[PDB]
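Okay, start.txt is below, compact mmCIF, C-alpha atoms and all ligand atoms:
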# COMPACT_ATOMS: atom_id res chain seq x y z
CA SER A 1 14.66 8.73 15.93
CA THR A 2 12.74 5.60 14.89
CA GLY A 3 9.11 4.39 14.94
CA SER A 4 7.56 0.91 14.77
CA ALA A 5 3.82 0.23 14.32
CA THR A 6 1.86 -2.97 13.78
CA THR A 7 -0.33 -3.19 10.64
CA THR A 8 -3.43 -5.42 10.70
CA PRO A 9 -5.46 -6.87 7.78
CA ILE A 10 -8.96 -5.32 7.65
CA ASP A 11 -10.66 -8.67 6.77
CA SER A 12 -10.05 -12.45 6.19
CA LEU A 13 -8.76 -11.79 2.59
CA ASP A 14 -6.04 -9.21 3.42
CA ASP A 15 -7.92 -6.68 1.22
CA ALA A 16 -5.94 -3.89 2.96
CA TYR A 17 -4.02 -3.26 6.15
CA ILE A 18 -4.64 -0.58 8.81
CA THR A 19 -2.10 0.98 11.09
CA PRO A 20 -2.98 3.15 14.12
CA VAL A 21 -1.89 6.81 13.83
CA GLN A 22 -2.00 9.49 16.63
CA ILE A 23 -3.19 12.90 15.36
CA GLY A 24 -3.48 16.06 17.45
CA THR A 25 -3.27 17.01 21.13
CA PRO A 26 -4.69 15.19 23.01
CA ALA A 27 -4.06 12.27 20.59
CA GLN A 28 -6.90 11.18 18.35
CA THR A 29 -6.09 7.63 17.12
CA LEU A 30 -7.23 6.83 13.60
CA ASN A 31 -6.63 3.55 11.68
CA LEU A 32 -5.01 4.56 8.35
CA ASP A 33 -4.20 2.61 5.21
CA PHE A 34 -0.43 3.17 4.61
CA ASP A 35 -0.14 3.56 0.82
CA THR A 36 3.29 3.56 -0.91
CA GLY A 37 1.23 4.32 -4.12
CA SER A 38 0.10 7.83 -3.10
CA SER A 39 1.31 10.91 -1.22
CA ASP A 40 -1.63 12.38 0.75
CA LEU A 41 -2.36 11.86 4.47
CA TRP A 42 -6.15 12.34 4.51
CA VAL A 43 -8.73 11.43 7.17
CA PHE A 44 -12.44 11.14 7.80
CA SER A 45 -13.22 14.19 9.89
CA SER A 46 -15.85 16.34 11.67
CA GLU A 47 -16.06 18.13 8.22
CA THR A 48 -16.96 14.97 6.22
CA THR A 49 -20.51 15.07 4.71
CA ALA A 50 -22.47 13.16 7.42
CA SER A 51 -24.26 10.83 4.87
CA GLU A 52 -20.74 9.67 3.70
CA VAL A 53 -19.56 8.54 7.19
CA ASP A 54 -20.70 4.97 8.23
CA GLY A 55 -18.68 3.85 11.29
CA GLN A 56 -15.24 5.43 10.63
CA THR A 57 -13.46 7.17 13.48
CA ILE A 58 -13.20 10.88 12.61
CA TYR A 59 -10.56 13.49 13.24
CA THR A 60 -11.99 16.65 14.90
CA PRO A 61 -9.47 19.49 14.50
CA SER A 62 -11.42 21.84 16.85
CA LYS A 63 -10.63 19.35 19.73
CA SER A 64 -6.86 19.45 18.97
CA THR A 65 -4.87 22.25 20.71
CA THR A 66 -2.11 21.84 18.05
CA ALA A 67 -4.41 21.91 14.95
CA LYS A 68 -4.06 24.99 12.67
CA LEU A 69 -6.10 25.54 9.45
CA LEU A 70 -3.67 25.71 6.48
CA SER A 71 -5.53 28.74 5.11
CA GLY A 72 -6.67 28.46 1.47
CA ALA A 73 -5.28 24.94 0.93
CA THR A 74 -7.53 22.29 -0.68
CA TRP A 75 -6.94 18.74 -1.94
CA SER A 76 -8.66 16.29 -4.28
CA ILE A 77 -7.44 12.82 -5.19
CA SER A 78 -8.50 10.01 -7.55
CA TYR A 79 -7.12 6.45 -7.06
CA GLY A 80 -6.56 3.56 -9.50
CA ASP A 81 -9.79 1.76 -8.41
CA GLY A 82 -12.05 4.78 -9.31
CA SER A 83 -12.38 5.99 -5.63
CA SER A 84 -11.87 9.63 -4.64
CA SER A 85 -11.92 12.11 -1.75
CA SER A 86 -11.40 15.88 -1.30
CA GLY A 87 -11.43 18.65 1.28
CA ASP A 88 -9.33 21.24 3.14
CA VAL A 89 -6.12 21.00 5.19
CA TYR A 90 -4.92 21.38 8.78
CA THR A 91 -1.39 21.12 10.11
CA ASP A 92 -1.07 19.06 13.31
CA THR A 93 1.20 16.70 15.28
CA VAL A 94 1.19 13.18 13.85
CA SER A 95 2.83 10.12 15.49
CA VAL A 96 3.31 6.64 14.04
CA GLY A 97 4.68 3.95 16.33
CA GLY A 98 6.41 6.49 18.62
CA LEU A 99 7.85 8.65 15.78
CA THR A 100 6.49 12.25 15.95
CA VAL A 101 6.18 14.86 13.20
CA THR A 102 5.12 18.41 14.08
CA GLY A 103 3.42 20.51 11.38
CA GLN A 104 2.25 17.55 9.28
CA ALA A 105 -0.40 18.35 6.67
CA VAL A 106 -3.57 16.43 7.69
CA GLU A 107 -6.01 16.56 4.78
CA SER A 108 -9.55 16.69 6.22
CA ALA A 109 -12.15 15.07 3.91
CA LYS A 110 -15.31 17.05 3.08
CA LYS A 111 -16.33 14.40 0.50
CA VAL A 112 -15.39 10.71 0.03
CA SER A 113 -16.61 8.29 -2.66
CA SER A 114 -18.90 5.28 -1.90
CA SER A 115 -16.00 2.74 -1.61
CA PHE A 116 -14.56 4.72 1.39
CA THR A 117 -17.99 5.18 3.07
CA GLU A 118 -18.75 1.43 2.75
CA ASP A 119 -15.39 0.44 4.42
CA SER A 120 -15.95 1.20 8.13
CA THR A 121 -12.47 -0.17 9.01
CA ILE A 122 -10.42 2.49 7.14
CA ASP A 123 -10.36 5.99 8.70
CA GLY A 124 -8.15 7.45 5.95
CA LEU A 125 -4.86 7.02 4.07
CA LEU A 126 -1.23 7.83 4.87
CA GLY A 127 0.71 8.25 1.60
CA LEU A 128 4.32 7.04 1.40
CA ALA A 129 5.09 7.65 -2.27
CA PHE A 130 7.17 10.73 -3.26
CA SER A 131 5.87 14.15 -2.21
CA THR A 132 5.77 15.25 -5.91
CA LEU A 133 2.40 13.38 -6.08
CA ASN A 134 0.79 15.25 -3.13
CA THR A 135 -2.49 16.90 -4.27
CA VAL A 136 -2.57 19.95 -1.92
CA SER A 137 -3.12 23.23 -3.79
CA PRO A 138 -1.82 25.87 -4.06
CA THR A 139 1.13 24.80 -1.80
CA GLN A 140 2.08 21.10 -2.28
CA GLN A 141 2.70 19.34 1.10
CA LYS A 142 5.27 16.74 2.20
CA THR A 143 4.51 13.13 3.25
CA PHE A 144 4.91 11.96 6.82
CA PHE A 145 8.11 10.14 5.73
CA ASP A 146 9.54 13.16 3.94
CA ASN A 147 8.86 15.33 7.09
CA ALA A 148 10.41 12.69 9.46
CA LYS A 149 13.36 11.81 7.18
CA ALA A 150 16.01 14.21 8.60
CA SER A 151 15.24 13.12 12.24
CA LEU A 152 15.43 9.34 11.44
CA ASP A 153 18.53 7.30 12.38
CA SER A 154 18.50 6.05 8.71
CA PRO A 155 16.36 7.59 5.91
CA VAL A 156 14.31 4.41 5.32
CA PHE A 157 11.05 2.73 6.17
CA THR A 158 10.25 -0.95 5.83
CA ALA A 159 7.07 -2.87 5.09
CA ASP A 160 6.64 -6.38 6.52
CA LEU A 161 3.05 -7.30 5.71
CA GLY A 162 1.55 -10.54 7.05
CA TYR A 163 -0.36 -13.24 5.22
CA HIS A 164 -3.70 -13.50 7.09
CA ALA A 165 -1.81 -12.02 10.07
CA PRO A 166 -0.50 -8.71 11.42
CA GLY A 167 2.85 -7.25 10.26
CA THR A 168 4.98 -4.17 10.82
CA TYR A 169 5.90 -0.75 9.41
CA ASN A 170 9.23 0.45 10.72
CA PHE A 171 10.70 3.95 10.23
CA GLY A 172 14.40 4.81 10.52
CA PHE A 173 15.90 1.33 10.95
CA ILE A 174 16.23 -2.16 9.44
CA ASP A 175 15.14 -4.97 11.75
CA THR A 176 17.81 -7.62 10.91
CA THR A 177 15.67 -10.24 12.84
CA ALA A 178 12.60 -9.71 10.54
CA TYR A 179 14.06 -11.44 7.39
CA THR A 180 16.12 -14.48 6.29
CA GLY A 181 19.29 -14.36 4.12
CA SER A 182 20.31 -11.00 2.68
CA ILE A 183 18.49 -7.90 1.34
CA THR A 184 18.86 -7.37 -2.43
CA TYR A 185 18.63 -3.72 -3.40
CA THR A 186 17.43 -2.50 -6.81
CA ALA A 187 17.29 0.88 -8.50
CA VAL A 188 14.22 3.15 -8.24
CA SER A 189 12.96 5.75 -10.72
CA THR A 190 11.13 8.70 -9.04
CA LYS A 191 10.07 10.12 -12.50
CA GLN A 192 6.33 9.23 -11.97
CA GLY A 193 6.43 9.87 -8.18
CA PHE A 194 6.26 6.14 -7.29
CA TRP A 195 8.65 3.51 -5.89
CA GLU A 196 9.13 2.31 -9.49
CA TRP A 197 11.64 -0.50 -10.10
CA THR A 198 12.35 -3.27 -12.64
CA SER A 199 11.89 -6.95 -11.75
CA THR A 200 14.31 -9.31 -13.54
CA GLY A 201 11.67 -12.00 -14.37
CA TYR A 202 9.33 -14.62 -13.09
CA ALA A 203 8.55 -18.34 -12.76
CA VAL A 204 5.26 -20.19 -12.32
CA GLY A 205 5.26 -23.02 -9.79
CA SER A 206 8.27 -25.32 -10.23
CA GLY A 207 8.80 -23.96 -13.80
CA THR A 208 11.93 -22.46 -15.31
CA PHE A 209 12.65 -18.84 -14.51
CA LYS A 210 11.97 -16.48 -17.46
CA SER A 211 14.50 -13.63 -17.53
CA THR A 212 12.57 -10.50 -18.61
CA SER A 213 12.46 -6.84 -17.41
CA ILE A 214 9.10 -5.97 -15.73
CA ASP A 215 8.81 -2.30 -14.73
CA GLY A 216 6.35 -1.74 -11.88
CA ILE A 217 5.64 -0.01 -8.62
CA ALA A 218 5.83 -1.26 -5.05
CA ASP A 219 2.30 -0.32 -3.82
CA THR A 220 1.14 -1.28 -0.32
CA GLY A 221 -2.26 0.29 -0.99
CA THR A 222 -3.12 -2.09 -3.89
CA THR A 223 -4.44 -5.54 -2.85
CA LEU A 224 -3.36 -7.62 -5.85
CA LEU A 225 -0.36 -8.24 -8.18
CA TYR A 226 -1.03 -6.67 -11.62
CA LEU A 227 1.42 -7.78 -14.33
CA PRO A 228 1.52 -7.88 -18.13
CA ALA A 229 -1.11 -10.03 -19.87
CA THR A 230 1.57 -12.50 -21.17
CA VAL A 231 2.85 -13.22 -17.62
CA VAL A 232 -0.67 -13.51 -16.10
CA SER A 233 -1.85 -15.86 -18.90
CA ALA A 234 1.21 -18.08 -18.30
CA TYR A 235 0.33 -18.26 -14.59
CA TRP A 236 -3.42 -19.10 -14.97
CA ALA A 237 -2.72 -21.59 -17.79
CA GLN A 238 -1.32 -23.85 -15.00
CA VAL A 239 -4.70 -23.87 -13.11
CA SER A 240 -7.35 -26.29 -14.53
CA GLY A 241 -10.58 -24.39 -15.29
CA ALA A 242 -9.06 -20.87 -14.72
CA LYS A 243 -10.29 -18.19 -17.13
CA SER A 244 -10.61 -14.45 -17.56
CA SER A 245 -14.23 -13.37 -16.89
CA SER A 246 -15.38 -10.04 -18.45
CA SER A 247 -18.50 -10.21 -16.15
CA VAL A 248 -16.44 -10.60 -12.91
CA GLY A 249 -13.58 -8.27 -14.03
CA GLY A 250 -10.57 -10.62 -14.11
CA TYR A 251 -9.22 -14.15 -13.76
CA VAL A 252 -11.32 -16.58 -11.76
CA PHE A 253 -10.56 -20.20 -10.95
CA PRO A 254 -12.43 -23.21 -9.45
CA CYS A 255 -12.43 -22.97 -5.65
CA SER A 256 -11.44 -26.73 -5.69
CA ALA A 257 -8.02 -25.84 -7.25
CA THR A 258 -4.60 -25.92 -5.62
CA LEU A 259 -2.74 -22.80 -6.92
CA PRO A 260 0.93 -22.83 -7.91
CA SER A 261 3.44 -20.42 -6.46
CA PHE A 262 4.63 -17.39 -8.41
CA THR A 263 8.28 -16.26 -8.27
CA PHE A 264 9.52 -12.75 -9.18
CA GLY A 265 13.15 -11.64 -9.65
CA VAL A 266 14.94 -8.86 -7.73
CA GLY A 267 18.33 -8.66 -9.43
CA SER A 268 19.79 -12.23 -9.07
CA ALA A 269 17.50 -12.91 -6.04
CA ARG A 270 14.04 -14.51 -6.13
CA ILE A 271 10.90 -13.86 -4.01
CA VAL A 272 8.41 -16.76 -3.97
CA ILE A 273 4.70 -16.00 -3.49
CA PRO A 274 3.05 -19.17 -2.15
CA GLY A 275 -0.04 -20.31 -4.11
CA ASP A 276 -2.33 -19.74 -1.09
CA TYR A 277 -1.45 -15.98 -1.21
CA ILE A 278 -3.08 -15.84 -4.74
CA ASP A 279 -6.53 -17.13 -3.53
CA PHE A 280 -9.03 -14.27 -2.92
CA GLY A 281 -11.94 -16.62 -2.29
CA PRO A 282 -15.44 -16.87 -3.77
CA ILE A 283 -16.52 -14.11 -6.22
CA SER A 284 -19.81 -13.86 -4.24
CA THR A 285 -20.86 -15.57 -1.03
CA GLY A 286 -21.23 -19.34 -1.61
CA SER A 287 -19.86 -19.33 -5.19
CA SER A 288 -17.57 -22.15 -6.34
CA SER A 289 -15.77 -19.56 -8.59
CA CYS A 290 -12.80 -17.95 -6.76
CA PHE A 291 -11.09 -14.61 -7.61
CA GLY A 292 -7.40 -14.67 -8.54
CA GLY A 293 -4.70 -12.56 -6.80
CA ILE A 294 -2.66 -12.13 -9.97
CA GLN A 295 -4.45 -10.01 -12.62
CA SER A 296 -3.58 -8.24 -15.88
CA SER A 297 -2.24 -4.70 -15.76
CA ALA A 298 -3.42 -4.08 -19.38
CA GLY A 299 -5.55 -0.88 -19.29
CA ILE A 300 -4.06 0.34 -15.93
CA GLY A 301 -0.97 1.60 -17.80
CA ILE A 302 1.46 0.33 -15.07
CA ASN A 303 2.43 -2.94 -13.40
CA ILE A 304 1.74 -2.97 -9.67
CA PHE A 305 3.55 -5.09 -7.06
CA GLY A 306 0.59 -4.90 -4.59
CA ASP A 307 0.12 -6.63 -1.25
CA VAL A 308 0.03 -10.18 -2.80
CA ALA A 309 3.66 -9.71 -3.86
CA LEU A 310 4.95 -7.46 -1.02
CA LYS A 311 3.61 -9.64 1.81
CA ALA A 312 5.94 -12.46 0.56
CA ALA A 313 8.95 -10.24 1.37
CA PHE A 314 10.59 -7.91 3.82
CA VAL A 315 10.68 -4.64 1.78
CA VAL A 316 13.01 -1.67 2.39
CA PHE A 317 11.99 1.73 1.04
CA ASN A 318 15.34 3.53 1.04
CA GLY A 319 14.77 7.35 0.89
CA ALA A 320 18.46 8.27 0.66
CA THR A 321 19.57 11.00 -1.83
CA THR A 322 19.44 8.19 -4.48
CA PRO A 323 16.36 6.08 -3.48
CA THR A 324 16.45 2.28 -3.83
CA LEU A 325 14.20 -0.64 -2.87
CA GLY A 326 15.38 -3.75 -1.03
CA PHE A 327 13.70 -7.17 -0.91
CA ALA A 328 14.50 -10.10 1.44
CA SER A 329 12.74 -13.44 1.94
CA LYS A 330 11.26 -13.99 5.41
NA NA A 401 -12.86 -7.37 -5.72
Please express what this file holds, its structure, as structure tokens.
Ligand code: NA
Amino acid sequence: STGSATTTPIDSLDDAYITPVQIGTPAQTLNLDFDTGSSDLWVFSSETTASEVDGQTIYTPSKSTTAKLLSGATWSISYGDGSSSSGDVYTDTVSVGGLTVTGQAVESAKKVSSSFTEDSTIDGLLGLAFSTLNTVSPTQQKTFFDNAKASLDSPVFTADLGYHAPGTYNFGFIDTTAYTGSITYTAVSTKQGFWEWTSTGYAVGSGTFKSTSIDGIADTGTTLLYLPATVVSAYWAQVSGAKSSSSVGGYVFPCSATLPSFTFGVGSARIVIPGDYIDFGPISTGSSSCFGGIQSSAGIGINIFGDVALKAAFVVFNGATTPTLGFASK
């Protein structure tokens, strides 16, 4: 089997991407944030505290003929940005882009934090990291990908995120028309439950490539590129008037600037992030201070190849017995 779904930026800054997902019988379509950084499929629901729901589409398990309470199961998750959600669990039929899983754990939110309530465009998350991070207790549940894997023509999914444009999530096949040149594959560690790999280095603009090992995760549910403080300082040093602002919470730069590109290594291959990808616009409406798309990972405890980096590439998440990542230019 295979599936193929379009993913659409939620706003003019590409803060996140939503993908339609069919849940239940008859189908209830919810727009989910596909997150290679986490392993829970959770939704706004008919059980979500009514004061915490502000325009999201909700899943109603009582309207699904295939929904079954997963008796006694609960979940609770905390994300890197301080957001959280929790609730109980149903199993139901879930389809992405024509690919169907029966008996998927659908985590129904009773409670969501303010950041989720305030984002009307995101109806929930669909985790695509390793199932060892799933939060369901007392019986840990599998991801959508882990449930589909054995039915797929190839045990892979790919992420092809757009810059200020729609892109694609594919399951069970490589679209050889979606990328230029060849795919370079690199080793993955599953030890922390993430798609954790080691970049071979970086360059700023037209500068010389610095060979250096940068361990990080490929995370479609993080907006920005978070790298070590040395690498981020070298990047913003090339932008006149750029500085780290304790008040704003990261590097800002004059909105009048032209940003340089940033290059990261994948083995002997190179992925170039165009400067425009690194502009996240005014810090507040009408400000001439703009927020940077490359920020320090110091304090987060991990480097994160978020959407700024991944949307410059065609990315293969290879879930074979030994997982690997692949990157191609596009
Ligand atoms: Na922000």
Next on the checklist: Which residues are near ligand NA 401 (chain A) - at most 12 Å, using all atoms listed in the file? Format: as a PyMOL selection string.
Outcome noted: chain A and resi 13-16+81+115+222-224+248-252+279-284+290-293+295
Checklist entry - For the atom pair CA of residue 159 (chain A) and CA of residue 171 (chain A), what is the interatomic distance in Å to one decimal place? => result 9.3 Å
Checklist entry - With only C-alpha atoms as the atoms that count, which of A:129, A:101, A:234, A:30 lies nearest to residue 210 (chain A)? => result A:234
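Comparing A:63, A:191, A:164, A:243 by their smallest distance to residue 312 (chain A), the closest is A:164 (using all atoms listed in the file).
Across the structure, CA of residue 206 (chain A) and CA of residue 230 (chain A) are spaced 18.1 Å apart.
The gap separating CA of residue 126 (chain A) from CA of residue 86 (chain A) is 14.4 Å, in Å to one decimal.
Nearest-residue note for residue 75 (chain A): choosing from A:56, A:48, A:137, A:297, the minimum distance belongs to A:137, counting all atoms listed in the file.
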Next on the checklist: Please list as a ChimeraX atom specification every residue within 10 Å of residue 199 (chain A), counting only C-alpha atoms and excluding residues in the same chain fewer than 4 positions away.
Outcome noted: /A:186,211-217,264-270,305
Item to check | Exercise: region 70-73 of chain A partners within 10 Å, only C-alpha atoms, chain neighbours under 6 positions left out, as number ranges by chain | outcome: A: 87-92, 105-107, 135-141
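In terms of minimum interatomic distance to residue 324 (chain A), A:183 ranks closest within A:178, A:183, A:150, A:133, counting all atoms listed in the file.
If you count all atoms listed in the file and ignore residues fewer than 3 places along the chain from residue 28 (chain A), what sits within 10 Å of it is residues 20, 21, 22, 23, 24, 25, 57, 58, 59, 60, 61, 63, 64 and 94 of chain A.
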Keeping only C-alpha atoms, write the selected residues to a file as a PDB file, keeping the file's coordinate frame.
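Everything below was put into part.pdb:
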ATOM      1  CA  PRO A  20      -2.980   3.150  14.120  1.00  0.00           C
ATOM      2  CA  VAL A  21      -1.890   6.810  13.830  1.00  0.00           C
ATOM      3  CA  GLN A  22      -2.000   9.490  16.630  1.00  0.00           C
ATOM      4  CA  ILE A  23      -3.190  12.900  15.360  1.00  0.00           C
ATOM      5  CA  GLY A  24      -3.480  16.060  17.450  1.00  0.00           C
ATOM      6  CA  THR A  25      -3.270  17.010  21.130  1.00  0.00           C
ATOM      7  CA  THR A  57     -13.460   7.170  13.480  1.00  0.00           C
ATOM      8  CA  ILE A  58     -13.200  10.880  12.610  1.00  0.00           C
ATOM      9  CA  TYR A  59     -10.560  13.490  13.240  1.00  0.00           C
ATOM     10  CA  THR A  60     -11.990  16.650  14.900  1.00  0.00           C
ATOM     11  CA  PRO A  61      -9.470  19.490  14.500  1.00  0.00           C
ATOM     12  CA  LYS A  63     -10.630  19.350  19.730  1.00  0.00           C
ATOM     13  CA  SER A  64      -6.860  19.450  18.970  1.00  0.00           C
ATOM     14  CA  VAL A  94       1.190  13.180  13.850  1.00  0.00           C
TER      15      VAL A  94
END
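Counting all atoms listed in the file, the residue from A:239, A:165, A:203, A:308 that sits nearest to residue 226 (chain A) is A:308.
With all atoms listed in the file as the atoms that count, the residue of A:169, A:235, A:144, A:42 with the shortest distance to residue 130 (chain A) is A:144.
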Checklist entry - Which neighbours of residue 62 (chain A) fall inside 9 Å, counting only C-alpha atoms, when residues of the same chain fewer than 3 positions from it are skipped, and could you give them as number ranges by chain? => result A: 46, 65, 67
Checklist entry - Within 6 Å of (5.9, -19.3, -4.6), in the coordinates the file gives, what residues turn up when you count only C-alpha atoms, written out as a PyMOL selection string? => result chain A and resi 261-263+272-274
Checklist entry - Using all atoms listed in the file, what residues lie at most 12 Å away from (3.4, -0.4, -5.9) (file coordinates), given as a PyMOL selection string? => result chain A and resi 34-38+80+127-129+159+188+192-198+215-227+302-310+315+317+325
Starting from the incomplete input, reconstruct N, CA, C and O atoms of region 217-236 of chain A and report them as a short mmCIF file (atom, residue, chain, number, x, y, z; two decimals), in the coordinates of the input.
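Dumped to out_1.cif:
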data_model
loop_
_atom_site.label_atom_id
_atom_site.label_comp_id
_atom_site.auth_asym_id
_atom_site.auth_seq_id
_atom_site.Cartn_x
_atom_site.Cartn_y
_atom_site.Cartn_z
N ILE A 217 5.53 -0.81 -9.86
CA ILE A 217 5.64 -0.01 -8.62
C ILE A 217 5.39 -0.92 -7.42
O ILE A 217 4.52 -1.88 -7.45
N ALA A 218 6.08 -0.59 -6.34
CA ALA A 218 5.83 -1.26 -5.05
C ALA A 218 4.73 -0.48 -4.32
O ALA A 218 4.96 0.67 -3.93
N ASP A 219 3.53 -1.04 -4.24
CA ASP A 219 2.30 -0.32 -3.82
C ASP A 219 1.57 -1.04 -2.69
O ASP A 219 0.73 -1.89 -2.95
N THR A 220 1.83 -0.62 -1.44
CA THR A 220 1.14 -1.28 -0.32
C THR A 220 -0.36 -1.00 -0.30
O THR A 220 -1.10 -1.71 0.38
N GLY A 221 -0.79 0.07 -0.96
CA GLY A 221 -2.26 0.29 -0.99
C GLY A 221 -2.99 -0.31 -2.15
O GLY A 221 -4.25 -0.06 -2.28
N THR A 222 -2.41 -1.24 -2.89
CA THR A 222 -3.12 -2.09 -3.89
C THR A 222 -3.15 -3.54 -3.39
O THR A 222 -2.05 -4.00 -2.91
N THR A 223 -4.30 -4.17 -3.42
CA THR A 223 -4.44 -5.54 -2.85
C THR A 223 -3.62 -6.56 -3.65
O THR A 223 -2.94 -7.42 -3.04
N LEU A 224 -3.80 -6.52 -4.95
CA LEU A 224 -3.36 -7.62 -5.85
C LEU A 224 -2.02 -7.30 -6.58
O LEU A 224 -1.48 -6.22 -6.47
N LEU A 225 -1.55 -8.30 -7.31
CA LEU A 225 -0.36 -8.24 -8.18
C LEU A 225 -0.91 -8.10 -9.60
O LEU A 225 -1.55 -9.02 -10.13
N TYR A 226 -0.60 -6.96 -10.23
CA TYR A 226 -1.03 -6.67 -11.62
C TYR A 226 0.23 -6.62 -12.49
O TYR A 226 1.16 -5.81 -12.34
N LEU A 227 0.25 -7.55 -13.46
CA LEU A 227 1.42 -7.78 -14.33
C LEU A 227 0.97 -7.84 -15.76
O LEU A 227 -0.24 -7.95 -16.06
N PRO A 228 1.92 -7.84 -16.71
CA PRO A 228 1.52 -7.88 -18.13
C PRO A 228 0.72 -9.12 -18.47
O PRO A 228 0.86 -10.17 -17.88
N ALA A 229 -0.16 -8.99 -19.46
CA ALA A 229 -1.11 -10.03 -19.87
C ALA A 229 -0.41 -11.33 -20.25
O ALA A 229 -0.90 -12.37 -19.89
N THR A 230 0.77 -11.28 -20.85
CA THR A 230 1.57 -12.50 -21.17
C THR A 230 1.90 -13.30 -19.90
O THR A 230 1.71 -14.54 -19.86
N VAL A 231 2.37 -12.58 -18.87
CA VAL A 231 2.85 -13.22 -17.62
C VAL A 231 1.65 -13.81 -16.89
O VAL A 231 1.66 -14.96 -16.42
N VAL A 232 0.53 -13.09 -16.83
CA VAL A 232 -0.67 -13.51 -16.10
C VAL A 232 -1.27 -14.69 -16.84
O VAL A 232 -1.75 -15.62 -16.16
N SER A 233 -1.34 -14.69 -18.17
CA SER A 233 -1.85 -15.86 -18.90
C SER A 233 -0.98 -17.09 -18.61
O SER A 233 -1.54 -18.18 -18.46
N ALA A 234 0.34 -16.91 -18.57
CA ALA A 234 1.21 -18.08 -18.30
C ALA A 234 0.93 -18.67 -16.92
O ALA A 234 1.07 -19.84 -16.72
N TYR A 235 0.61 -17.80 -15.98
CA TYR A 235 0.33 -18.26 -14.59
C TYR A 235 -0.98 -19.04 -14.58
O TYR A 235 -1.02 -20.23 -14.17
N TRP A 236 -2.09 -18.50 -15.13
CA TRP A 236 -3.42 -19.10 -14.97
C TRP A 236 -3.57 -20.30 -15.90
O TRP A 236 -4.39 -21.15 -15.61
#
